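Engineer: just coords:
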């Protein structure tokens, strides 16, 4: 009895050590501050990370539950050292909770970065579509595109202040100017 409890103790020690190792390596990836260079770069970062987050969560959780469950099994049937493995459980759960919270904030940071880059990419090409003019309802369909971009610019102003908020406001104004200038050209034809 004493012998196989000691045997399970050490075979739990190995697994927990390998889990705690594996967690530390995940967090190295999980904590890149990159955020992206241009709409393309960000698309890759976000897709790549969505995957990494999804996968690390599923696998990690299975592994951590197994270790928690086992540790409680050993405790319910009277193991000594229950005091020592209770500590191991707590120290594992903590590393894990930390990695999940860390993963999450980088999810949201890339979420935010994706949107901002998309906005400017949309604005960059909408201005191209304005020059793509200089029937007469194609303009009336760009008007829908511009209008959506303005709704986007409007929402983002809630999410930003200072240099970034102003930068956003600039492109929306530039675009609106450019669109109206087309409308002054357009109805002036009829």
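Structural biologist: Nice, thanks for sending it over. Residues are numbered from 1 along each chain as shown.
Engineer: Could you double-check that residue 165 lies in contact with residue 153?
Structural biologist: No: counting by CB atoms under 8 Å, residue 165 does not reach residue 153; the two are 10.3 Å apart. Where C-beta positions appear, they are placed from N, C-alpha and C, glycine not excepted.
Engineer: The two: which is more packed in?
Structural biologist: More crowded of residue 165 and residue 153, by other CB atoms under 10 Å: residue 153, with 20 against 14.
Engineer: wait, doesn't that one sit right on residue 169?
Structural biologist: Yes: judged on CB under 8 Å, residue 153 makes contact with residue 169 at a distance of 7.2 Å.
Engineer: what's the helix or strand for the closest residue to residue 34 other than its chain neighbours?
Structural biologist: Closest residue to residue 34 apart from its sequence neighbours, by CB to CB, 6 or more residues apart in numbering: residue 45 at 6.0 Å. For residue 45, the host element (DSSP states H and E) is helix 39-76.
Engineer: Which helix or strand lies directly C-terminal to that helix?
Structural biologist: Per DSSP H and E, the helix or strand that comes after helix 39-76 is helix 82-131.
Engineer: what angle sits between that next one and helix 39-76?
Structural biologist: Orientation of helix 82-131 against helix 39-76 (axes from the mean of the first three to the mean of the last three CA atoms, to 10 degrees) gives an angle of 160 degrees.
Engineer: start at 22 instead
Structural biologist: Renumbered: residue one is now 22, and that last one reads helix 103-152.
Engineer: how many other residues sit next to the residue nearest to residue 55?
Structural biologist: That count, for residue 66 with other CB under 10 Å as the rule, works out to 20.
Engineer: gap between it and residue 136?
Structural biologist: When CB to CB, to the nearest Å is the yardstick, residue 66 and residue 136 sit 13 Å from each other.
Engineer: now residue 211
Structural biologist: Counting by CB to CB, the gap from residue 211 to residue 136 is 38 Å.
Engineer: try residue 74
Structural biologist: Distance, residue 74 to residue 136, using CB to CB: 18 Å.
Engineer: between these two, who's got more neighbours?
Structural biologist: Each of residue 74 and residue 136 has its neighbours counted (other CB under 10 Å); residue 74 has more, 18 against 14.
Engineer: which ones are touching that one?
Structural biologist: Counting by CB atoms under 8 Å, 6 or more residues apart in numbering, residue 74 touches 124-125, 128.
Engineer: Noted, bye for now.
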